[PDB]
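Before any questions on how it binds or moves, here is one chain, the form solved without this ligand, in structure tokens.
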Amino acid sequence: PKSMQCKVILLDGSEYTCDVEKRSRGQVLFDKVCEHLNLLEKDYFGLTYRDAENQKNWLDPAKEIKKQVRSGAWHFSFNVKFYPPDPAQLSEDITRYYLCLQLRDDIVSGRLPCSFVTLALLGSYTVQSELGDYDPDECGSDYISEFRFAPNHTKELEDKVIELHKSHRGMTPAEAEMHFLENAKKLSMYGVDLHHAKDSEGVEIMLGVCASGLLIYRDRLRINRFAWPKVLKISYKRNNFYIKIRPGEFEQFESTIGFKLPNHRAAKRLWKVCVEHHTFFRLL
């Protein structure tokens, strides 16, 4: 048997290396990553890789690794795929811990926009989880945490993290991580996977896919959203993505909404993440 070396960026930025038989399916590598992370609730998570267009793809667990990475390196990231709308109901603390790590990266990267105070508050729960109770000895008036809290840091933000940290005295890691999630889960973009598209008029939009349904971000004004129950069929042809919206009451005929994606692979990818998030909603 011929093994291939796999490299996986873990959610704390560390690198895990293992080997799998060259014909192995994605689930094989994923199972090894989950065993290493001591993770049981693994179906909220996935592996990503970068294709030749350099686009983030989900590694399909059903399909051979080699038929997905193709010409690329066997380099992956471990990630949350299905953001739980109710993290309090996850059976395990370790699940909630990896979820926090993903959300920390969603925030720092700017994928999850956050008000100043909420950046400070989430920061404060992360420090309490990582360092324990506020300690003046460690932090002077010129203190700057090693922790990344935000896409841009200011001394004011570092100050607010410390002030809020002071109030979490006696909070255990699992409790800090639960408070982190009870706040993060209310952010408008929590678990929203954004794809660039154009509408039927050629105007550039973002299509958001999440637990609750589909979002169309035209501009700040009039945001369209479709709960999963209102979506009958989703399809792609060529560069185009179509959503079939279930007929409202006493309206004879459904409405089809079509979008232009940058290319056929962008369309296929959006279809697959939509189908998967629709099946996830169904499982709630």
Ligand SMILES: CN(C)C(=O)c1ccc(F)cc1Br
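So that the term is clear: the rigid core is the largest set of C-alpha atoms that superpose within 1.5 Å between two forms. All residue numbers refer to positions in the sequence shown, first residue = 1.
Averaged over structures and residues, the CA distance from the shown form in 9 other deposited structures of this protein after a core fit is larger for 222-230, of the two stretches 222-230 and 36-44.
Taking 241-249 and 63-71 in turn, the stretch whose Cα atoms are more displaced from the shown form in 9 other deposited structures of this protein following rigid core superposition is 241-249.
For the pair 88-96 and 118-126, the mean Cα B-factor is higher in 88-96. In this entry, 196-204 has the higher mean Cα B-factor, the comparison being between 149-157 and 196-204. Reading the B-factor column for the CA atoms of 221, 65, 39, 47 in the entry, the top value corresponds to 221. Sorting 163, 177, 106, 137 by the CA temperature factor given in the entry leaves 137 at the top. Among all modelled residues in this chain, the alpha-carbon of residue 102 has a temperature factor (C-alpha) in the lowest third. In this PDB entry, the Cα temperature factor of residue 236 sits in the top third of its chain's modelled residues, the highest group. Residue 210: CA B factor in the middle third of modelled residues in this chain (values from the PDB entry). Ranked against the other modelled residues of its chain, the C-alpha B-factor of residue 275 as given in the entry falls in the middle third. Residue 31: CA B factor lies in the lowest third for its chain, per the PDB record.
Quick note: we don't show the form deposited with this ligand bound, though the next part is all about it.
With the site C-alphas superimposed, the ligand pose in the bound PDB entry sets this ligand onto this chain such that three or more atoms are within 2.4 Å of backbone or C-beta atoms; a blocked site results.
Residue contact with this ligand in the bound PDB entry: residue 233 places a heavy atom within 4.5 Å of it. In the bound PDB entry, none of the heavy atoms of residue 259 sits within 4.5 Å of a heavy atom of this ligand. Shown alone here, residue 267 lies farther than 4.5 Å from this ligand in the bound PDB entry, counting heavy atoms only. Residue 18 falls outside the set of residues with a heavy atom inside 4.5 Å of this ligand in the bound PDB entry. Using a 4.5 Å cut-off on any heavy atom, the residues of 264-278 that reach this ligand in the bound PDB entry are, in sequence order, 274, 275, 278.
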